[PDB]
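Just my_file_32.txt here, compact mmCIF, N, CA, C and O atoms and all ligand atoms:
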```txt
# COMPACT_ATOMS: atom_id res chain seq x y z
N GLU R 6 -7.47 -55.30 6.90
CA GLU R 6 -8.06 -54.06 6.39
C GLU R 6 -8.55 -54.24 4.96
O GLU R 6 -9.56 -53.65 4.57
N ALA R 7 -7.85 -55.07 4.18
CA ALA R 7 -8.15 -55.20 2.76
C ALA R 7 -9.55 -55.76 2.53
O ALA R 7 -10.27 -55.31 1.64
N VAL R 8 -9.95 -56.72 3.35
CA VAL R 8 -11.28 -57.30 3.21
C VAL R 8 -12.36 -56.25 3.45
O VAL R 8 -13.29 -56.12 2.68
N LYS R 9 -12.22 -55.50 4.54
CA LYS R 9 -13.18 -54.47 4.89
C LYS R 9 -13.30 -53.41 3.79
O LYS R 9 -14.40 -52.97 3.47
N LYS R 10 -12.17 -53.02 3.22
CA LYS R 10 -12.15 -52.02 2.16
C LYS R 10 -12.84 -52.55 0.91
O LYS R 10 -13.53 -51.82 0.20
N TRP R 11 -12.64 -53.83 0.64
CA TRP R 11 -13.24 -54.50 -0.50
C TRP R 11 -14.76 -54.50 -0.35
O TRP R 11 -15.48 -54.12 -1.27
N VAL R 12 -15.25 -54.92 0.81
CA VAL R 12 -16.70 -54.93 1.08
C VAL R 12 -17.26 -53.51 1.02
O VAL R 12 -18.33 -53.26 0.45
N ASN R 13 -16.53 -52.56 1.61
CA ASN R 13 -16.99 -51.18 1.62
C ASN R 13 -17.11 -50.62 0.21
O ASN R 13 -18.06 -49.90 -0.08
N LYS R 14 -16.14 -50.90 -0.65
CA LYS R 14 -16.22 -50.37 -2.00
C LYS R 14 -17.43 -50.93 -2.73
O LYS R 14 -18.10 -50.21 -3.48
N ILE R 15 -17.74 -52.20 -2.50
CA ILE R 15 -18.95 -52.76 -3.10
C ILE R 15 -20.19 -52.02 -2.60
O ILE R 15 -21.09 -51.69 -3.39
N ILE R 16 -20.27 -51.77 -1.31
CA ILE R 16 -21.43 -51.10 -0.74
C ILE R 16 -21.55 -49.63 -1.16
O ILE R 16 -22.65 -49.13 -1.36
N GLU R 17 -20.42 -48.95 -1.29
CA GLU R 17 -20.41 -47.54 -1.65
C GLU R 17 -20.61 -47.24 -3.13
O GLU R 17 -21.28 -46.27 -3.48
N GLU R 18 -20.03 -48.05 -3.99
CA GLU R 18 -20.12 -47.84 -5.43
C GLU R 18 -21.45 -48.24 -6.06
O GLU R 18 -21.76 -47.82 -7.17
N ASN R 19 -22.23 -49.05 -5.36
CA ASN R 19 -23.49 -49.54 -5.89
C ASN R 19 -24.60 -49.17 -4.91
O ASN R 19 -24.53 -49.52 -3.73
N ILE R 20 -25.61 -48.46 -5.41
CA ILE R 20 -26.74 -48.09 -4.56
C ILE R 20 -27.39 -49.35 -3.97
O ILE R 20 -27.69 -49.40 -2.78
N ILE R 21 -27.63 -50.36 -4.80
CA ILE R 21 -28.16 -51.64 -4.34
C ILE R 21 -27.02 -52.65 -4.32
O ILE R 21 -26.48 -53.01 -5.37
N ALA R 22 -26.68 -53.14 -3.14
CA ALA R 22 -25.55 -54.05 -2.99
C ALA R 22 -26.05 -55.31 -2.32
O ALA R 22 -26.63 -55.23 -1.23
N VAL R 23 -25.82 -56.46 -2.94
CA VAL R 23 -26.30 -57.74 -2.42
C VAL R 23 -25.12 -58.70 -2.35
O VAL R 23 -24.47 -58.97 -3.37
N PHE R 24 -24.86 -59.24 -1.18
CA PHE R 24 -23.87 -60.29 -1.00
C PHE R 24 -24.61 -61.62 -0.95
O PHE R 24 -25.58 -61.77 -0.20
N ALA R 25 -24.22 -62.53 -1.83
CA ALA R 25 -24.89 -63.80 -1.95
C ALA R 25 -23.91 -64.93 -2.12
O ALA R 25 -22.71 -64.79 -1.89
N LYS R 26 -24.43 -66.07 -2.53
CA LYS R 26 -23.61 -67.24 -2.77
C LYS R 26 -24.27 -68.17 -3.77
O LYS R 26 -25.38 -67.92 -4.23
N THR R 27 -23.57 -69.24 -4.11
CA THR R 27 -24.04 -70.22 -5.07
C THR R 27 -25.22 -71.03 -4.55
O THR R 27 -25.24 -71.42 -3.39
N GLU R 28 -26.19 -71.27 -5.43
CA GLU R 28 -27.38 -72.06 -5.12
C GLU R 28 -28.03 -71.68 -3.78
O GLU R 28 -28.16 -72.50 -2.88
N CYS R 29 -28.42 -70.42 -3.68
CA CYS R 29 -29.01 -69.87 -2.48
C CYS R 29 -30.41 -69.38 -2.83
O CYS R 29 -30.57 -68.29 -3.37
N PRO R 30 -31.45 -70.18 -2.50
CA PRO R 30 -32.82 -69.81 -2.91
C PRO R 30 -33.26 -68.43 -2.45
O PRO R 30 -33.91 -67.70 -3.22
N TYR R 31 -32.94 -68.05 -1.21
CA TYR R 31 -33.37 -66.74 -0.73
C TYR R 31 -32.53 -65.62 -1.33
O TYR R 31 -33.03 -64.51 -1.51
N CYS R 32 -31.28 -65.91 -1.72
CA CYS R 32 -30.55 -64.96 -2.55
C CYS R 32 -31.28 -64.72 -3.87
O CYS R 32 -31.48 -63.58 -4.29
N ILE R 33 -31.62 -65.81 -4.56
CA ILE R 33 -32.25 -65.70 -5.86
C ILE R 33 -33.58 -64.95 -5.75
O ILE R 33 -33.88 -64.07 -6.56
N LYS R 34 -34.37 -65.27 -4.72
CA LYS R 34 -35.65 -64.60 -4.53
C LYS R 34 -35.47 -63.11 -4.27
O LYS R 34 -36.16 -62.27 -4.87
N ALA R 35 -34.55 -62.74 -3.36
CA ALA R 35 -34.29 -61.33 -3.09
C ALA R 35 -33.84 -60.60 -4.35
O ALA R 35 -34.32 -59.50 -4.65
N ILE R 36 -32.91 -61.19 -5.10
CA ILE R 36 -32.39 -60.52 -6.30
C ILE R 36 -33.50 -60.36 -7.32
O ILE R 36 -33.59 -59.33 -8.00
N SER R 37 -34.37 -61.36 -7.44
CA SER R 37 -35.49 -61.31 -8.38
C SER R 37 -36.47 -60.20 -8.01
O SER R 37 -36.96 -59.46 -8.87
N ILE R 38 -36.77 -60.08 -6.71
CA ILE R 38 -37.65 -59.00 -6.26
C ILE R 38 -37.05 -57.64 -6.62
O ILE R 38 -37.73 -56.76 -7.17
N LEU R 39 -35.75 -57.47 -6.36
CA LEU R 39 -35.11 -56.19 -6.64
C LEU R 39 -35.08 -55.89 -8.13
O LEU R 39 -35.36 -54.75 -8.55
N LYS R 40 -34.77 -56.89 -8.96
CA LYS R 40 -34.79 -56.68 -10.40
C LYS R 40 -36.20 -56.41 -10.92
O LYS R 40 -36.34 -55.75 -11.95
N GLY R 41 -37.23 -56.87 -10.22
CA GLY R 41 -38.59 -56.53 -10.61
C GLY R 41 -38.90 -55.05 -10.49
O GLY R 41 -39.86 -54.57 -11.12
N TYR R 42 -38.11 -54.32 -9.72
CA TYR R 42 -38.18 -52.87 -9.68
C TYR R 42 -37.30 -52.21 -10.74
O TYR R 42 -37.16 -50.98 -10.73
N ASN R 43 -36.75 -52.99 -11.68
CA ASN R 43 -35.88 -52.48 -12.74
C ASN R 43 -34.69 -51.72 -12.15
O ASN R 43 -34.32 -50.63 -12.60
N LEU R 44 -34.08 -52.31 -11.13
CA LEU R 44 -32.93 -51.74 -10.44
C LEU R 44 -31.59 -52.22 -11.00
O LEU R 44 -30.54 -51.90 -10.44
N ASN R 45 -31.62 -52.99 -12.10
CA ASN R 45 -30.41 -53.62 -12.63
C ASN R 45 -29.25 -52.64 -12.76
O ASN R 45 -28.11 -52.96 -12.39
N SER R 46 -29.52 -51.43 -13.27
CA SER R 46 -28.45 -50.47 -13.55
C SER R 46 -27.69 -50.07 -12.29
O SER R 46 -26.53 -49.65 -12.38
N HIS R 47 -28.33 -50.15 -11.13
CA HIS R 47 -27.71 -49.70 -9.89
C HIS R 47 -27.55 -50.83 -8.89
O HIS R 47 -27.40 -50.58 -7.68
N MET R 48 -27.56 -52.07 -9.36
CA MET R 48 -27.43 -53.25 -8.52
C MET R 48 -26.08 -53.91 -8.77
O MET R 48 -25.63 -54.00 -9.91
N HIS R 49 -25.47 -54.41 -7.70
CA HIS R 49 -24.34 -55.32 -7.85
C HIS R 49 -24.52 -56.49 -6.90
O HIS R 49 -24.80 -56.29 -5.71
N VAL R 50 -24.36 -57.70 -7.43
CA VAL R 50 -24.43 -58.94 -6.65
C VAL R 50 -23.03 -59.52 -6.58
O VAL R 50 -22.40 -59.75 -7.62
N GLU R 51 -22.54 -59.76 -5.37
CA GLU R 51 -21.23 -60.38 -5.17
C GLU R 51 -21.43 -61.77 -4.57
O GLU R 51 -22.06 -61.91 -3.51
N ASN R 52 -20.88 -62.79 -5.23
CA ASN R 52 -20.88 -64.15 -4.70
C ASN R 52 -19.69 -64.29 -3.76
O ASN R 52 -18.55 -64.40 -4.21
N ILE R 53 -19.94 -64.28 -2.45
CA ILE R 53 -18.83 -64.29 -1.49
C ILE R 53 -18.36 -65.70 -1.17
O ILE R 53 -17.35 -65.86 -0.47
N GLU R 54 -19.08 -66.72 -1.63
CA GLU R 54 -18.64 -68.09 -1.44
C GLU R 54 -17.51 -68.44 -2.39
O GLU R 54 -16.61 -69.20 -2.03
N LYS R 55 -17.55 -67.89 -3.60
CA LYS R 55 -16.45 -68.02 -4.55
C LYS R 55 -15.44 -66.90 -4.27
O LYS R 55 -15.30 -65.92 -5.01
N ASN R 56 -14.75 -67.05 -3.16
CA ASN R 56 -13.85 -66.04 -2.63
C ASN R 56 -12.98 -66.71 -1.58
O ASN R 56 -13.51 -67.44 -0.74
N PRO R 57 -11.66 -66.51 -1.58
CA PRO R 57 -10.83 -67.15 -0.55
C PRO R 57 -11.10 -66.61 0.84
O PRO R 57 -10.77 -67.28 1.82
N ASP R 58 -11.69 -65.43 0.95
CA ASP R 58 -11.87 -64.75 2.23
C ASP R 58 -13.33 -64.75 2.67
O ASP R 58 -13.80 -63.81 3.32
N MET R 59 -14.06 -65.83 2.36
CA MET R 59 -15.49 -65.87 2.66
C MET R 59 -15.77 -65.65 4.14
O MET R 59 -16.67 -64.90 4.51
N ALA R 60 -15.01 -66.32 5.02
CA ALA R 60 -15.25 -66.17 6.45
C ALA R 60 -15.03 -64.72 6.90
O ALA R 60 -15.81 -64.20 7.70
N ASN R 61 -13.98 -64.06 6.41
CA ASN R 61 -13.75 -62.68 6.81
C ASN R 61 -14.86 -61.77 6.29
O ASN R 61 -15.29 -60.85 7.00
N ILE R 62 -15.32 -62.01 5.07
CA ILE R 62 -16.41 -61.21 4.51
C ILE R 62 -17.66 -61.39 5.34
O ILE R 62 -18.34 -60.41 5.69
N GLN R 63 -17.99 -62.64 5.69
CA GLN R 63 -19.18 -62.91 6.48
C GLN R 63 -19.08 -62.28 7.87
O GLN R 63 -20.06 -61.74 8.39
N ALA R 64 -17.90 -62.39 8.49
CA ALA R 64 -17.72 -61.76 9.80
C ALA R 64 -17.91 -60.25 9.71
O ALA R 64 -18.50 -59.64 10.61
N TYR R 65 -17.41 -59.62 8.63
CA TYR R 65 -17.59 -58.18 8.51
C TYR R 65 -19.04 -57.82 8.24
O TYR R 65 -19.55 -56.83 8.79
N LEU R 66 -19.72 -58.59 7.39
CA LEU R 66 -21.15 -58.36 7.16
C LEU R 66 -21.94 -58.49 8.45
O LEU R 66 -22.93 -57.79 8.65
N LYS R 67 -21.52 -59.41 9.33
CA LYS R 67 -22.16 -59.51 10.63
C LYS R 67 -21.88 -58.29 11.49
O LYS R 67 -22.76 -57.81 12.21
N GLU R 68 -20.64 -57.78 11.44
CA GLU R 68 -20.33 -56.56 12.18
C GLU R 68 -21.19 -55.39 11.69
O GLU R 68 -21.64 -54.56 12.48
N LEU R 69 -21.45 -55.35 10.38
CA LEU R 69 -22.23 -54.27 9.77
C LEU R 69 -23.74 -54.42 10.00
O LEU R 69 -24.44 -53.41 10.09
N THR R 70 -24.25 -55.65 10.08
CA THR R 70 -25.69 -55.89 9.99
C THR R 70 -26.29 -56.72 11.11
O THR R 70 -27.52 -56.75 11.23
N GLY R 71 -25.48 -57.41 11.92
CA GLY R 71 -25.99 -58.32 12.92
C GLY R 71 -26.09 -59.77 12.50
O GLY R 71 -26.29 -60.63 13.36
N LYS R 72 -25.94 -60.09 11.22
CA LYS R 72 -26.03 -61.46 10.76
C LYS R 72 -24.92 -61.74 9.77
O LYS R 72 -24.54 -60.87 8.99
N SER R 73 -24.42 -62.98 9.78
CA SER R 73 -23.41 -63.41 8.82
C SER R 73 -24.00 -64.13 7.61
O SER R 73 -23.25 -64.47 6.69
N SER R 74 -25.30 -64.38 7.59
CA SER R 74 -25.86 -65.20 6.53
C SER R 74 -26.05 -64.38 5.26
O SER R 74 -26.15 -63.15 5.29
N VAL R 75 -26.13 -65.08 4.13
CA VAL R 75 -26.49 -64.44 2.86
C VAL R 75 -27.91 -64.86 2.50
O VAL R 75 -28.37 -65.94 2.89
N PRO R 76 -28.65 -64.04 1.75
CA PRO R 76 -28.21 -62.74 1.23
C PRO R 76 -28.10 -61.65 2.31
O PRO R 76 -28.80 -61.69 3.32
N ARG R 77 -27.17 -60.71 2.09
CA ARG R 77 -27.07 -59.49 2.87
C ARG R 77 -27.29 -58.33 1.91
O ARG R 77 -26.60 -58.25 0.90
N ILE R 78 -28.22 -57.44 2.25
CA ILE R 78 -28.74 -56.44 1.32
C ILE R 78 -28.57 -55.05 1.91
O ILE R 78 -29.02 -54.79 3.04
N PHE R 79 -27.94 -54.16 1.13
CA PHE R 79 -27.74 -52.76 1.45
C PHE R 79 -28.37 -51.92 0.35
O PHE R 79 -28.24 -52.24 -0.84
N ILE R 80 -29.02 -50.83 0.74
CA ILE R 80 -29.58 -49.88 -0.22
C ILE R 80 -29.08 -48.49 0.18
O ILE R 80 -29.41 -48.00 1.26
N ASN R 81 -28.26 -47.88 -0.69
CA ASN R 81 -27.59 -46.60 -0.40
C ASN R 81 -26.89 -46.65 0.96
O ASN R 81 -27.00 -45.73 1.77
N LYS R 82 -26.18 -47.76 1.21
CA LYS R 82 -25.38 -47.99 2.41
C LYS R 82 -26.22 -48.29 3.65
O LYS R 82 -25.67 -48.62 4.71
N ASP R 83 -27.54 -48.18 3.55
CA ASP R 83 -28.42 -48.55 4.65
C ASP R 83 -28.62 -50.06 4.67
O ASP R 83 -28.75 -50.69 3.62
N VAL R 84 -28.65 -50.63 5.87
CA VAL R 84 -28.86 -52.07 6.00
C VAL R 84 -30.34 -52.38 5.80
O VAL R 84 -31.19 -51.95 6.59
N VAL R 85 -30.65 -53.13 4.75
CA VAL R 85 -31.97 -53.75 4.64
C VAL R 85 -31.99 -55.08 5.39
O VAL R 85 -32.89 -55.34 6.20
N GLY R 86 -30.99 -55.92 5.15
CA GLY R 86 -30.87 -57.14 5.91
C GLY R 86 -30.92 -58.35 5.00
O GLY R 86 -30.22 -58.38 3.99
N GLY R 87 -31.74 -59.34 5.32
CA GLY R 87 -31.87 -60.52 4.51
C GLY R 87 -33.10 -60.48 3.62
O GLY R 87 -33.77 -59.46 3.49
N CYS R 88 -33.38 -61.62 2.99
CA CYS R 88 -34.51 -61.68 2.07
C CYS R 88 -35.84 -61.51 2.82
O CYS R 88 -36.77 -60.87 2.32
N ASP R 89 -35.95 -62.08 4.03
CA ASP R 89 -37.18 -61.88 4.81
C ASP R 89 -37.39 -60.40 5.13
O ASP R 89 -38.52 -59.89 5.07
N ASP R 90 -36.31 -59.69 5.47
CA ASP R 90 -36.42 -58.25 5.71
C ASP R 90 -36.90 -57.53 4.45
O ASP R 90 -37.74 -56.63 4.52
N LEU R 91 -36.33 -57.91 3.30
CA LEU R 91 -36.74 -57.31 2.04
C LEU R 91 -38.22 -57.54 1.78
O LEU R 91 -38.92 -56.63 1.35
N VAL R 92 -38.70 -58.76 2.02
CA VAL R 92 -40.10 -59.10 1.79
C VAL R 92 -41.01 -58.29 2.69
O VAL R 92 -42.07 -57.82 2.27
N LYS R 93 -40.63 -58.14 3.96
CA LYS R 93 -41.42 -57.30 4.86
C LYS R 93 -41.48 -55.86 4.36
O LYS R 93 -42.55 -55.24 4.33
N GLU R 94 -40.32 -55.30 3.98
CA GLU R 94 -40.31 -53.92 3.48
C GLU R 94 -41.11 -53.80 2.19
O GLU R 94 -41.82 -52.81 1.98
N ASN R 95 -41.03 -54.81 1.33
CA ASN R 95 -41.76 -54.78 0.06
C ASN R 95 -43.26 -54.82 0.31
O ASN R 95 -44.01 -53.98 -0.22
N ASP R 96 -43.72 -55.78 1.12
CA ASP R 96 -45.15 -55.90 1.41
C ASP R 96 -45.70 -54.68 2.13
O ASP R 96 -46.88 -54.35 1.97
N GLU R 97 -44.89 -54.01 2.95
CA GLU R 97 -45.41 -52.92 3.76
C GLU R 97 -45.18 -51.55 3.12
O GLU R 97 -45.52 -50.53 3.72
N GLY R 98 -44.63 -51.51 1.91
CA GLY R 98 -44.45 -50.28 1.18
C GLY R 98 -43.16 -49.54 1.48
O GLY R 98 -42.92 -48.49 0.87
N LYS R 99 -42.33 -50.03 2.40
CA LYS R 99 -41.12 -49.30 2.74
C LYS R 99 -40.07 -49.41 1.64
O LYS R 99 -39.32 -48.45 1.41
N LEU R 100 -40.00 -50.55 0.95
CA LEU R 100 -39.02 -50.70 -0.13
C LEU R 100 -39.29 -49.69 -1.24
O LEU R 100 -38.38 -48.99 -1.72
N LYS R 101 -40.55 -49.57 -1.65
CA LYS R 101 -40.89 -48.62 -2.70
C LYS R 101 -40.57 -47.19 -2.26
O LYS R 101 -40.10 -46.38 -3.06
N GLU R 102 -40.79 -46.88 -0.98
CA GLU R 102 -40.47 -45.54 -0.47
C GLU R 102 -38.96 -45.28 -0.51
O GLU R 102 -38.52 -44.20 -0.94
N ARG R 103 -38.16 -46.25 -0.05
CA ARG R 103 -36.71 -46.20 -0.21
C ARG R 103 -36.33 -45.84 -1.64
O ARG R 103 -35.57 -44.89 -1.87
N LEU R 104 -36.83 -46.62 -2.60
CA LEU R 104 -36.41 -46.45 -3.99
C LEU R 104 -36.90 -45.13 -4.56
O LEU R 104 -36.23 -44.52 -5.40
N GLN R 105 -38.08 -44.67 -4.13
CA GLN R 105 -38.58 -43.38 -4.58
C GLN R 105 -37.66 -42.25 -4.11
O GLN R 105 -37.34 -41.34 -4.88
N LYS R 106 -37.24 -42.29 -2.84
CA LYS R 106 -36.36 -41.25 -2.33
C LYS R 106 -35.03 -41.20 -3.07
O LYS R 106 -34.38 -40.15 -3.09
N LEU R 107 -34.62 -42.31 -3.68
CA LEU R 107 -33.38 -42.38 -4.44
C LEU R 107 -33.57 -42.05 -5.91
O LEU R 107 -32.58 -42.03 -6.66
N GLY R 108 -34.79 -41.74 -6.34
CA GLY R 108 -35.05 -41.50 -7.75
C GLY R 108 -35.01 -42.75 -8.60
O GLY R 108 -34.92 -42.65 -9.83
N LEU R 109 -35.07 -43.93 -7.99
CA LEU R 109 -34.96 -45.18 -8.72
C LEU R 109 -36.28 -45.68 -9.28
O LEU R 109 -36.28 -46.44 -10.25
N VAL R 110 -37.41 -45.28 -8.69
CA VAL R 110 -38.73 -45.60 -9.20
C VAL R 110 -39.57 -44.34 -9.13
O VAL R 110 -39.44 -43.55 -8.19
N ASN R 111 -40.42 -44.13 -10.13
CA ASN R 111 -41.22 -42.92 -10.20
C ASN R 111 -42.30 -42.91 -9.12
O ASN R 111 -42.97 -41.90 -8.90
PT PT A 1 -22.48 -55.28 -10.99
PT PT A 2 -18.28 -70.12 3.97
```
Rewrite the structure of this file - the entire thing - as structure tokens.
Amino acid sequence: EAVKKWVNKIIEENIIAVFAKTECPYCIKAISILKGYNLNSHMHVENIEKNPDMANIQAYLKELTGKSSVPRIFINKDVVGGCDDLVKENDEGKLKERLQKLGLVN
């Protein structure tokens, strides 16, 4: 239960929640895209590889999203998914619409 509660608190306390790991190019790219929207104040990045419970965290992220890979991206508890999902939403205008509805971008 403790792992699930830990992941949940990260997702609930931060509007933009990103689970990543060390030296992960698509993590870095996703985080960079999000920071380009000046989301820093409402973003939290958790490195789940530097964690004794990495497998449990990944299994729970898969239960929540369908995939165990990082990056895993949540916006106001909604599953965005991975960096490719973020790029699709960004290119098609859905990311900006998300952030507008949250008051995060004018
Ligand atoms: Pt943070
Ligand atoms: Pt691992």
Would you please extract all helix (DSSP H, G or I) residues from range 59-89 of chain R, as assigned by DSSP on the backbone, and give them as a short mmCIF file (atom, residue, chain, number, x, y, z; two decimals) with N, CA, C and O atoms, in the coordinates of the input?
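File out-v1.cif, as written:
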```cif
data_model
loop_
_atom_site.label_atom_id
_atom_site.label_comp_id
_atom_site.auth_asym_id
_atom_site.auth_seq_id
_atom_site.Cartn_x
_atom_site.Cartn_y
_atom_site.Cartn_z
N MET R 59 -14.06 -65.83 2.36
CA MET R 59 -15.49 -65.87 2.66
C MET R 59 -15.77 -65.65 4.14
O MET R 59 -16.67 -64.90 4.51
N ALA R 60 -15.01 -66.32 5.02
CA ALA R 60 -15.25 -66.17 6.45
C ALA R 60 -15.03 -64.72 6.90
O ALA R 60 -15.81 -64.20 7.70
N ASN R 61 -13.98 -64.06 6.41
CA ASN R 61 -13.75 -62.68 6.81
C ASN R 61 -14.86 -61.77 6.29
O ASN R 61 -15.29 -60.85 7.00
N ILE R 62 -15.32 -62.01 5.07
CA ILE R 62 -16.41 -61.21 4.51
C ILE R 62 -17.66 -61.39 5.34
O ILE R 62 -18.34 -60.41 5.69
N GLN R 63 -17.99 -62.64 5.69
CA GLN R 63 -19.18 -62.91 6.48
C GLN R 63 -19.08 -62.28 7.87
O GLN R 63 -20.06 -61.74 8.39
N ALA R 64 -17.90 -62.39 8.49
CA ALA R 64 -17.72 -61.76 9.80
C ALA R 64 -17.91 -60.25 9.71
O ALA R 64 -18.50 -59.64 10.61
N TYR R 65 -17.41 -59.62 8.63
CA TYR R 65 -17.59 -58.18 8.51
C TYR R 65 -19.04 -57.82 8.24
O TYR R 65 -19.55 -56.83 8.79
N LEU R 66 -19.72 -58.59 7.39
CA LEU R 66 -21.15 -58.36 7.16
C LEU R 66 -21.94 -58.49 8.45
O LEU R 66 -22.93 -57.79 8.65
N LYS R 67 -21.52 -59.41 9.33
CA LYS R 67 -22.16 -59.51 10.63
C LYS R 67 -21.88 -58.29 11.49
O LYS R 67 -22.76 -57.81 12.21
N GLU R 68 -20.64 -57.78 11.44
CA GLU R 68 -20.33 -56.56 12.18
C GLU R 68 -21.19 -55.39 11.69
O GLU R 68 -21.64 -54.56 12.48
N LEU R 69 -21.45 -55.35 10.38
CA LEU R 69 -22.23 -54.27 9.77
C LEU R 69 -23.74 -54.42 10.00
O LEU R 69 -24.44 -53.41 10.09
N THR R 70 -24.25 -55.65 10.08
CA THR R 70 -25.69 -55.89 9.99
C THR R 70 -26.29 -56.72 11.11
O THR R 70 -27.52 -56.75 11.23
N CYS R 88 -33.38 -61.62 2.99
CA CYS R 88 -34.51 -61.68 2.07
C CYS R 88 -35.84 -61.51 2.82
O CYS R 88 -36.77 -60.87 2.32
N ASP R 89 -35.95 -62.08 4.03
CA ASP R 89 -37.18 -61.88 4.81
C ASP R 89 -37.39 -60.40 5.13
O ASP R 89 -38.52 -59.89 5.07
#
```
Let me see if you get this right: every residue at most 12 Å from ligand PT 2 (chain A), counting only C-alpha atoms and all ligand atoms, written as a CSV table (one decimal) with N, CA, C and O atoms, in the coordinates of the input.
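Generated file (out-v2.csv):
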```csv
chain,number,residue,atom,x,y,z
R,25,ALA,N,-24.2,-62.5,-1.8
R,25,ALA,CA,-24.9,-63.8,-2.0
R,25,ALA,C,-23.9,-64.9,-2.1
R,25,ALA,O,-22.7,-64.8,-1.9
R,26,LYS,N,-24.4,-66.1,-2.5
R,26,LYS,CA,-23.6,-67.2,-2.8
R,26,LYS,C,-24.3,-68.2,-3.8
R,26,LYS,O,-25.4,-67.9,-4.2
R,27,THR,N,-23.6,-69.2,-4.1
R,27,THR,CA,-24.0,-70.2,-5.1
R,27,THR,C,-25.2,-71.0,-4.6
R,27,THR,O,-25.2,-71.4,-3.4
R,52,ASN,N,-20.9,-62.8,-5.2
R,52,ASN,CA,-20.9,-64.2,-4.7
R,52,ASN,C,-19.7,-64.3,-3.8
R,52,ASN,O,-18.6,-64.4,-4.2
R,53,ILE,N,-19.9,-64.3,-2.4
R,53,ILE,CA,-18.8,-64.3,-1.5
R,53,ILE,C,-18.4,-65.7,-1.2
R,53,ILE,O,-17.4,-65.9,-0.5
R,54,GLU,N,-19.1,-66.7,-1.6
R,54,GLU,CA,-18.6,-68.1,-1.4
R,54,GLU,C,-17.5,-68.4,-2.4
R,54,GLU,O,-16.6,-69.2,-2.0
R,55,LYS,N,-17.6,-67.9,-3.6
R,55,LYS,CA,-16.4,-68.0,-4.6
R,55,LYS,C,-15.4,-66.9,-4.3
R,55,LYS,O,-15.3,-65.9,-5.0
R,56,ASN,N,-14.8,-67.0,-3.2
R,56,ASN,CA,-13.8,-66.0,-2.6
R,56,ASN,C,-13.0,-66.7,-1.6
R,56,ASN,O,-13.5,-67.4,-0.7
R,57,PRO,N,-11.7,-66.5,-1.6
R,57,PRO,CA,-10.8,-67.2,-0.6
R,57,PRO,C,-11.1,-66.6,0.8
R,57,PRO,O,-10.8,-67.3,1.8
R,58,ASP,N,-11.7,-65.4,1.0
R,58,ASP,CA,-11.9,-64.8,2.2
R,58,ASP,C,-13.3,-64.8,2.7
R,58,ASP,O,-13.8,-63.8,3.3
R,59,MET,N,-14.1,-65.8,2.4
R,59,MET,CA,-15.5,-65.9,2.7
R,59,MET,C,-15.8,-65.6,4.1
R,59,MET,O,-16.7,-64.9,4.5
R,60,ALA,N,-15.0,-66.3,5.0
R,60,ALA,CA,-15.2,-66.2,6.4
R,60,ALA,C,-15.0,-64.7,6.9
R,60,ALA,O,-15.8,-64.2,7.7
R,61,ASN,N,-14.0,-64.1,6.4
R,61,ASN,CA,-13.8,-62.7,6.8
R,61,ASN,C,-14.9,-61.8,6.3
R,61,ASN,O,-15.3,-60.8,7.0
R,62,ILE,N,-15.3,-62.0,5.1
R,62,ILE,CA,-16.4,-61.2,4.5
R,62,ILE,C,-17.7,-61.4,5.3
R,62,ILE,O,-18.3,-60.4,5.7
R,63,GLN,N,-18.0,-62.6,5.7
R,63,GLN,CA,-19.2,-62.9,6.5
R,63,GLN,C,-19.1,-62.3,7.9
R,63,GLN,O,-20.1,-61.7,8.4
R,64,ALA,N,-17.9,-62.4,8.5
R,64,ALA,CA,-17.7,-61.8,9.8
R,64,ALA,C,-17.9,-60.2,9.7
R,64,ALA,O,-18.5,-59.6,10.6
R,73,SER,N,-24.4,-63.0,9.8
R,73,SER,CA,-23.4,-63.4,8.8
R,73,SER,C,-24.0,-64.1,7.6
R,73,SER,O,-23.2,-64.5,6.7
R,74,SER,N,-25.3,-64.4,7.6
R,74,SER,CA,-25.9,-65.2,6.5
R,74,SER,C,-26.0,-64.4,5.3
R,74,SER,O,-26.2,-63.2,5.3
R,75,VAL,N,-26.1,-65.1,4.1
R,75,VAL,CA,-26.5,-64.4,2.9
R,75,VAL,C,-27.9,-64.9,2.5
R,75,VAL,O,-28.4,-65.9,2.9
```
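Between ligand PT 1 (chain A) and the residues R:104, R:85, R:69, R:21, the shortest atom-to-atom distance, using only N, CA, C and O atoms and all ligand atoms, involves R:21.
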Residues within 8 Å of ligand PT 1 (chain A), counting only N, CA, C and O atoms and all ligand atoms, as a PyMOL selection string
chain R and resi 19+21+45-51
Just N, CA, C and O atoms for this one: save the residues we selected as a tab-separated table (two decimals), in the frame of the given file.
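As a result, out_12.tsv now contains:
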```
chain	number	residue	atom	x	y	z
R	19	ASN	N	-22.23	-49.05	-5.36
R	19	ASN	CA	-23.49	-49.54	-5.89
R	19	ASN	C	-24.60	-49.17	-4.91
R	19	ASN	O	-24.53	-49.52	-3.73
R	21	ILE	N	-27.63	-50.36	-4.80
R	21	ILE	CA	-28.16	-51.64	-4.34
R	21	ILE	C	-27.02	-52.65	-4.32
R	21	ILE	O	-26.48	-53.01	-5.37
R	45	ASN	N	-31.62	-52.99	-12.10
R	45	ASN	CA	-30.41	-53.62	-12.63
R	45	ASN	C	-29.25	-52.64	-12.76
R	45	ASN	O	-28.11	-52.96	-12.39
R	46	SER	N	-29.52	-51.43	-13.27
R	46	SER	CA	-28.45	-50.47	-13.55
R	46	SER	C	-27.69	-50.07	-12.29
R	46	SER	O	-26.53	-49.65	-12.38
R	47	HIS	N	-28.33	-50.15	-11.13
R	47	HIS	CA	-27.71	-49.70	-9.89
R	47	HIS	C	-27.55	-50.83	-8.89
R	47	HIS	O	-27.40	-50.58	-7.68
R	48	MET	N	-27.56	-52.07	-9.36
R	48	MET	CA	-27.43	-53.25	-8.52
R	48	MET	C	-26.08	-53.91	-8.77
R	48	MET	O	-25.63	-54.00	-9.91
R	49	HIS	N	-25.47	-54.41	-7.70
R	49	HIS	CA	-24.34	-55.32	-7.85
R	49	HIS	C	-24.52	-56.49	-6.90
R	49	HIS	O	-24.80	-56.29	-5.71
R	50	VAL	N	-24.36	-57.70	-7.43
R	50	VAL	CA	-24.43	-58.94	-6.65
R	50	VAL	C	-23.03	-59.52	-6.58
R	50	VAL	O	-22.40	-59.75	-7.62
R	51	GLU	N	-22.54	-59.76	-5.37
R	51	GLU	CA	-21.23	-60.38	-5.17
R	51	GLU	C	-21.43	-61.77	-4.57
R	51	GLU	O	-22.06	-61.91	-3.51
```
